[PDB]
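A quick write-up on the structure given underneath.
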Amino acid sequence: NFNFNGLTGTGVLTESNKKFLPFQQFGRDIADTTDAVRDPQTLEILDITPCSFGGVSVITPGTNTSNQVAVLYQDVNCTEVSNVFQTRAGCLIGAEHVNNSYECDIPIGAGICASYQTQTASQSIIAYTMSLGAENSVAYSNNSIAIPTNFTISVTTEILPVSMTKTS
Amino acid sequence: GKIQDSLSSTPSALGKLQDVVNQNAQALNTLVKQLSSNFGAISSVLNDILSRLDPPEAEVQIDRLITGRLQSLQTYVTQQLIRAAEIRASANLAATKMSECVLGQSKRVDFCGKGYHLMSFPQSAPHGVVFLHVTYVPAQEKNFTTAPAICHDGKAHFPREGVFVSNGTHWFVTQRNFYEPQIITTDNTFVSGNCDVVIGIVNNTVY
Amino acid sequence: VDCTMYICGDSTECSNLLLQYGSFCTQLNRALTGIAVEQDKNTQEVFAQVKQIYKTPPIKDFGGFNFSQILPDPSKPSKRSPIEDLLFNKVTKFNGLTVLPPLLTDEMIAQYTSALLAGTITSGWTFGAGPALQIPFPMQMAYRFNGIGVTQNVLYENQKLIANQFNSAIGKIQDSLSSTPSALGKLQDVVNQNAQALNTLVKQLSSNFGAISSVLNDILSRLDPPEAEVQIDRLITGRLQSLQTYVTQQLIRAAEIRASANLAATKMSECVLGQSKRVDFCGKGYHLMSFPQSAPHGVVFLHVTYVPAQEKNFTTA
Ligand SMILES: *[C@@H]1O[C@H](CO)[C@@H](O[C@@H]2O[C@H](CO)[C@@H](O[C@@H]3O[C@H](CO)[C@@H](O)[C@H](O)[C@@H]3O)[C@H](O)[C@H]2NC(C)=O)[C@H](O)[C@H]1NC(C)=O
Ligand SMILES: *[C@@H]1O[C@H](CO)[C@@H](O[C@@H]2O[C@H](CO)[C@@H](O)[C@H](O)[C@H]2NC(C)=O)[C@H](O)[C@H]1NC(C)=O
Ligand SMILES: *[C@@H]1O[C@H](CO)[C@@H](O[C@@H]2O[C@H](CO)[C@@H](O)[C@H](O)[C@H]2NC(C)=O)[C@H](O)[C@H]1NC(C)=O
Ligand SMILES: *[C@@H]1O[C@H](CO)[C@@H](O)[C@H](O)[C@H]1NC(C)=O
Ligand SMILES: *[C@@H]1O[C@H](CO)[C@@H](O)[C@H](O)[C@H]1NC(C)=O
Ligand SMILES: *[C@@H]1O[C@H](CO)[C@@H](O)[C@H](O)[C@H]1NC(C)=O
Ligand SMILES: *[C@@H]1O[C@H](CO)[C@@H](O)[C@H](O)[C@H]1NC(C)=O
Ligand SMILES: *[C@@H]1O[C@H](CO)[C@@H](O)[C@H](O)[C@H]1NC(C)=O
Ligand SMILES: *[C@@H]1O[C@H](CO)[C@@H](O)[C@H](O)[C@H]1NC(C)=O
């Protein structure tokens, strides 16, 4: 909680990488909010960082089969919020992380999705890199073509909204 | 039959309409729940204040609540108006598919689902339409040696339809959607260009 | 947006007064969440159109064509193609206003894009509608011409000219985009408009709307409690109106963007994963092919058509 010669607000200070004019005791950003302040008893320019905050979301299996859950705390450290996965998408607490690529089940963000595989087996939450499917590096040649022989008749579904509640 | 099993075992498949009706019902129910907000008034109920407060104070608080209730209605209408634009767009798409795939068999690419449209069928639904989209998708294929033309008497003989193919011993003509090879004859090919033009041209007798 | 923070966080009295408006901002927090969800849905509708990710062949037999200018370059620190790089280098807090990361990152978009491009060049429509078929670029070209009623001899007679016209046009696209930044306005305006609407929302927090002070947490520490309540009610209402204004604009802009994404997804199917004859649909002329490219907040398609050049007047019947 700060007050530097009447300049007030909240946040975290660190050393800046910029210089101010002798008449500039503070700086402001794009929306004129405090960017940095100078210490009146030790002039030094110190950048102001917002106090850690972010949204909190929960990754859960359906409760009909299991109750292991893990929680994502956005834009913060795993120490600010046991099995902790640090990511900008939010530190996932109550989960592990694996380097290998897999399909997407429950999204974390920034390329990582959680899934629920078991281990020796107990079920747990593991954060994984998204694969986008098998990498089908098909080779081609100017003298060869894959030509269909027989076919399948596939029938799928699509459902579209047509109308809303006729509110009066 | 697979579709029926999918729809009954996976009710979440019906989410396109179920979420819409729940969102609209919730928006309207929210509009009702917000009748209880006081907006700075002693009470959220207009007909409570009028028989409870000294009339000039009641008048001020009543007007505050009228404004609050109005804002709730304005919010609702704007949200329903924006949603209506999305629903109209969806309805327009549904109408488009019903003309193009149901009363037709559109070649628009994967428009009504992956594959060539063979047919489509609508079903009714509360607040919407369900379509069964039927397509043609290759089941099996095989790698054949191919050519755009064959070389015969110094000229390039092109298939009238399809590509020239081979299993390693004989050349024939097939279509890209089905390997049903034809004998190469003057009834199945045409002649243009020459043997020094076609890339991939192979030497094959034309009957 | 955290509306508690935007209106006045870390204050017992601001919270108690904010709650007198019920769900007025709760529904906005929900509307913004819904928009963010839609933005990932739009991205998936536009780019995840391959059954599985496909990759290009180890041997770049492009028939003399340079698709290296369109496909992401794996040797660079940023795996972007020369066109994508030009675009990506040009298209660009404590108050509760933040931005969430995408699920599908630029690199993964480039990976789906690469698969789509791989098909565009050597398998056409088959990366979509069924098992992939092996359709090598020179044959796919013979087919691109047959698809518009043109005998494939034009491909062979002009194989070098056809590749050179494509390659030249790519160079022209790169020269245009690199010198005319306004050409990227379709995405630059999206980022600037949304950033400005939000930055305006921040600037507007300082309006007093007739209040004694523009700051809610200033009034509660400055005015006698009932006087403070009156001044606080006026500022909360003004701040709530700013949040609603922002969200309404974002919902409308989302509708325009969703429509754009749906059109983009349609073009991918019509000119990338096929060669549609809908007139001038994915650019003027008969479609031959189209190559998707990634972009911040968008998709770029390189539209390739057959367009008559020189013509003559001949006696007819
Ligand atoms: C306001 O007055 C204070 C008086 O405390 C000033 O602080 C003093 O700053 C001088 C210059 O740096 C310090 O002298 C030297 O400090 C260095 C490292 O701090 C040390 O290695 C030397 O041996 C020598 O002592 C002095 O210690 C420091 N006094 C403190 C910290 O109590 C301050 O600079 C003035 N600020 C302004 C804006 O005028
Ligand atoms: C595709 O474009 C690249 C980029 O211009 C070409 O790479 C150039 O190759 C020439 C000679 O082959 C060199 O003199 C240049 O220095 C290369 N440019 C760069 C930036 O490295 C490449 O040759 C083109 N490929 C084809 C098949 O045309
Ligand atoms: C069609 O236009 C093309 C343009 O690519 C012509 O190709 C050029 O022909 C001129 C002289 O005939 C040469 O000087 C150029 O070097 C050619 N360009 C390229 C890229 O090779 C082509 O001749 C024209 N074809 C017809 C039938 O008129
Ligand atoms: C966690 O803190 C480290 C330094 O302690 C910092 O580099 C990193 O940005 C933080 N992570 C997040 C998501 O804020
Ligand atoms: C298609 O042919 C394959 C063999 O190539 C066969 O195994 C399969 O049963 C056939 N599919 C249908 C639907 O008949
Ligand atoms: C095919 O016939 C042509 C004559 O037009 C000849 O030049 C060429 O060598 C032949 N190709 C073979 C035998 O593979
Ligand atoms: C190729 O097919 C032709 C007739 O379709 C037949 O005469 C020949 O035996 C086949 N070759 C092989 C290797 O199967
Ligand atoms: C196919 O292209 C390769 C190199 O890309 C070349 O070696 C080969 O001769 C070509 N084959 C035909 C039939 O054109
Ligand atoms: C064909 O005739 C039209 C009509 O007069 C004329 O404008 C055009 O120049 C002619 N084109 C050629 C190639 O002579």
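Cβ placement follows ideal geometry from the backbone for every residue including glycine, while neighbour counts extend to all protein chains displayed. The numbers here are math on the coordinates, done by the rules we state, and not lab data.
List pairs: first in the range A:130-144 and more than 7 Å from chain C (Cβ to nearest Cβ), second of a type in the set (V, I, T), Cβ under 6 Å, 6+ apart or cross-chain?
A:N143/B:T145
Are any residues in the range B:182-207 under 10 Å from B:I150 (Cβ atoms), more than 14 Å from chain C (Cβ to nearest Cβ) and surrounded by 15 or more Cβ atoms within 10 Å (Cβ to Cβ), and if so, which ones?
The answer is B:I184, B:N204, B:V206.
For residues in the range A:72-109 being within 12 Å of chain C (Cβ to nearest Cβ), outside any loop (DSSP other than H, G, I, E, B) and of a type in the set (V, I, T), which is nearest to ligand 1 (Cβ to nearest atom)?
Checked the range A:72-109; the qualifying residue nearest to ligand 1 (Cβ to nearest atom) is A:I108.
Hey, can you tell me all the residues within the range A:1-46 that are hydroxyl-bearing (S, T, Y), more than 16 Å from ligand 4 (Cβ to nearest atom) and in contact with an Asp or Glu (Cβ under 9 Å, 6 or more places away or on another chain)?
Listed by number, the residues that qualify are A:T10, A:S16.
Counting just the residues of the range A:71-90 that are over 18 Å from A:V12 (Cβ atoms) and touching a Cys at 6+ places or on another chain (Cβ under 8 Å), which one comes out nearest to ligand 4 (Cβ to nearest atom)?
The residue in question is A:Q86.
Return yes when A:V58 is more than 16 Å from ligand 9 (Cβ to nearest atom), surrounded by 13 or more Cβ atoms within 10 Å (Cβ to Cβ) and hydrophobic (A, V, I, L, M, F, W, C) and no when it is not.
No: the conditions fail for A:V58.
Do you know which residues across the range C:224-260 are out of contact with any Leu (no Cβ under 9 Å at 6 or more places or on another chain), under 16 Å from C:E13 (Cα atoms) and among the charged types (D, E, K, R)?
Across the range C:224-260, the qualifying residues are C:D224, C:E227, C:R234.
So, in the range C:133-157, of the ones that are small (G, A, S) and surrounded by fewer than 23 Cβ atoms within 10 Å (Cβ to Cβ), which residue ends up farthest from C:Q275 (Cα to Cα)?
Step by step, filter the range C:133-157, then rank; the result is C:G149.
Determine if the range A:98-105 includes at least one residue that is β-branched (V, I, T) and either touching a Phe, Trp or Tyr at 6+ places or on another chain (Cβ under 6 Å) or closer than 28 Å to C:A115 by Cα (or both).
Yes - at least one qualifying residue is present in the range A:98-105.
Among the residues of the range C:55-83, write down those that are within 13 Å of chain A (Cβ to nearest Cβ) and either among the hydroxyl-bearing types (S, T, Y) or within 16 Å of ligand 3 (Cβ to nearest atom) (or both).
The answer is C:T56, C:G63, C:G64.
Are there any pairs, at least 6 apart or on different chains, whose C-beta atoms fall under 8 Å, with the first in the range B:5-32 and more than 8 Å from every other protein chain (Cβ to nearest Cβ) and more than 16 Å from B:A94 (Cβ to Cβ) and the second of a type in the set (F, W, Y) and surrounded by 15 or more Cβ atoms within 10 Å (Cβ to Cβ), and if so, which?
B:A27/B:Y76; B:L31/B:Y76
Given the criterion within 16 Å of ligand 1 (Cβ to nearest atom) and touching a strand residue (DSSP E or B) at 6+ places or on another chain (Cβ under 7 Å), identify the matching residue among A:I45, A:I125.
A:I45 is the lone residue from the list that is within 16 Å of ligand 1 (Cβ to nearest atom) and touching a strand residue (DSSP E or B) at 6+ places or on another chain (Cβ under 7 Å).
Considering only the range C:103-134, state which residues are facing another protein chain (nearest Cβ under 7 Å) and either under 30 Å from C:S242 (Cβ atoms) or outside any loop (DSSP other than H, G, I, E, B) (or both).
C:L103, C:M108, C:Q111, C:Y112, C:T122, C:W125
Any residue in the range C:180-209 that's assigned to a loop (DSSP other than H, G, I, E, B): show its pairings with residues that are among the polar types (S, T, N, Q) and surrounded by 15 or more Cβ atoms within 10 Å (Cβ to Cβ) at Cβ separation under 7 Å, as long as the two are six or more apart or on different chains.
Partner pairs satisfying both residue conditions: C:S207/C:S214; C:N208/C:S214.
Would you mind finding the one in B:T174, B:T145 that is hydroxyl-bearing (S, T, Y), part of a strand (DSSP E or B), within 16 Å of ligand 8 (Cβ to nearest atom) and within 13 Å of chain C (Cβ to nearest Cβ)?
Within the list B:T174, B:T145, the selection yields B:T145.
The rows are residues; the columns are (1) buried (at least 20 other Cβ atoms within 10 Å of the Cβ); (2) among the hydrophobic types (A, V, I, L, M, F, W, C).
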position: A:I106; (1), (2): no, yes
position: A:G111; (1), (2): yes, no
position: A:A114; (1), (2): yes, yes
position: A:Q119; (1), (2): no, no
position: A:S124; (1), (2): no, no
position: A:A127; (1), (2): yes, yes
position: A:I145; (1), (2): yes, yes
position: A:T149; (1), (2): no, no
position: A:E158; (1), (2): no, no
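Which one of C:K267, C:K277 is within 9 Å of another protein chain (Cβ to nearest Cβ) and of a type in the set (K, R)?
C:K277
Go through the range B:113-142 residue by residue and tally those that are under 28 Å from B:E86 (Cβ atoms), within 7 Å of chain A (Cβ to nearest Cβ) and part of a loop (DSSP other than H, G, I, E, B).
3
Does B:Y179 qualify as being within 15 Å of ligand 7 (Cβ to nearest atom) and either buried (at least 18 other Cβ atoms within 10 Å of the Cβ) or at the interface with another protein chain (Cβ under 7 Å from one of its Cβ atoms) (or both)?
yes
Look through C:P292, C:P308, C:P296 and report the one residue that is within 16 Å of ligand 3 (Cβ to nearest atom) and more than 9 Å from every other protein chain (Cβ to nearest Cβ).
C:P308
Scan the range B:74-110 residue by residue and report those that are assigned to a loop (DSSP other than H, G, I, E, B), buried (at least 19 other Cβ atoms within 10 Å of the Cβ) and of a type in the set (A, V, I, L, M, F, W, C).
Within the range B:74-110, B:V109 is the sole residue that qualifies.
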